[PDB]
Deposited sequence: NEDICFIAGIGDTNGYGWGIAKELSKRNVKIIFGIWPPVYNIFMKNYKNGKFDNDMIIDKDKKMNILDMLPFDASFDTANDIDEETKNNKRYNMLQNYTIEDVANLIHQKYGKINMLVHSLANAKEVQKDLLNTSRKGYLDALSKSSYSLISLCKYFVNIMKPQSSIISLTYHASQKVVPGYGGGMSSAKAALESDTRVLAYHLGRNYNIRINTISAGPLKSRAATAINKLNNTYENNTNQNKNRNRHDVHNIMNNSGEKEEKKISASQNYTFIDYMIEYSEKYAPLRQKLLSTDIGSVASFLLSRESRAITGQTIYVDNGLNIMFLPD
C-alpha cells in the first residue's frame, strides 16, 4: 500500500528537503510539504507559475507526486501558543491551522495515518554572532526552532503514525567539532538535536516501535546557508578540495540516504547520527 511522508522545512527547491522529497518519489511515496508561513504564499506562487516543473522530474516516466503543501511553523506547538504580533502579521493573518498540533490533526483528518516524518528545518536569529556574543534570547531561539521543534514534532505526530514508522532530521558536524562561522547557538542546537535523537529512539522505539535517526549532511548552497556571514562557499570549496570523495555533494545524495532510513530496509537502525558528507568528517587536517 501507499506510504505518506510529511516533510517539514521546504522553502524552495535548493535545500535538503527538496532533495529528500525527490528521492522518496523514486519510491512512490506520497509527499506532504510543511512550509514556514513567511514564505508559503511565494512558494505557492512559484509552484502555480510552474517555476519548479523542471525540478520535479524524477526521470523518463516519473514526476514528483506532491500530495499536499501546508503552512507549518515549528515556533508554535498549539493554537494557544501564537502571540498577537504574529497573529497580526501580513504573512500569517491570511493562514490558519499551521501550528505543529494543527498540522498533525489536519493531515490526519485529510489523509489518515502516515508512516514517514522528516524534520528539515533550522533557525537561529543570531546565527551571524559567535557563541560568546549570542544573547540568551538569541540562543534559546536557536534551540526552540532547531531542536525543541523535533521533540514537539514527535510528540504530536506519533498519534497519527503507524507502528514501524520512521523519522529523520538533519544535523551538522559543528555540534561535534568547532566550525567558527556556525554561530548563534546553532552548534549548540545541533548538539542537543543529536542527543535528543538518542533519547527519543529509546522512547519511540520501546513505546511505539518507531525509529528515529539523524543525517549529518555536508555543505549545500541552500537559502539558509547563504544567510550565514561567504561561509557556505568556503565550506563547499573546502569539502570539494579535501573530502575523501572529491565529487559535488547534491541534495539527492542526502535524499537517497533519507529514503533508505525512512524505509523498512533499515529496520534495525535507530538513534544514530549518519554522516552523508563525502567522508569529510573523517579528516583531521588538510593534506
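- The deposited chain is incompletely modelled, with C-alpha atoms absent only over 230 to 271.
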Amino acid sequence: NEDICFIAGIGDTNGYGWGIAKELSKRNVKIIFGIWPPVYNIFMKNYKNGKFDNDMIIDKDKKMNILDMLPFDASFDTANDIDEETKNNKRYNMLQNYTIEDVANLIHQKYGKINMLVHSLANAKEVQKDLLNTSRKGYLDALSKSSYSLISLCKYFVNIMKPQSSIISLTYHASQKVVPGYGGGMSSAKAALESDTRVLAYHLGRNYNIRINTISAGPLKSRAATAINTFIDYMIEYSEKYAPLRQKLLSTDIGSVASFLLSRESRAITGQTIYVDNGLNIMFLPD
From here on, numbers count along this sequence of modelled residues.
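- The stretch with the higher mean CA B factor, choosing between 191 to 199 and 89 to 97, is 89 to 97.
- Relative to its counterpart among 170 to 178 and 151 to 159, 151 to 159 has the higher mean temperature factor, C-alpha atoms as listed in the PDB entry.
- Within the listed group 273, 270, 25, 278, the record reports its top CA B-factor for 25.
- Sorting the modelled residues of the chain by their CA temperature factor places residue 79 in the highest third.
- In this PDB entry, the Cα temperature factor of residue 239 sits in the middle third of its chain's modelled residues.
- Residue 285 sits in the highest third of its chain by CA B factor, as recorded in the PDB entry.
- Annotation for residue 255: C-alpha temperature factor in the lowest third relative to the rest of the modelled chain, per the entry.
- Among the modelled residues of the chain, residue 145 sits in the lowest third by CA temperature factor in this PDB entry.
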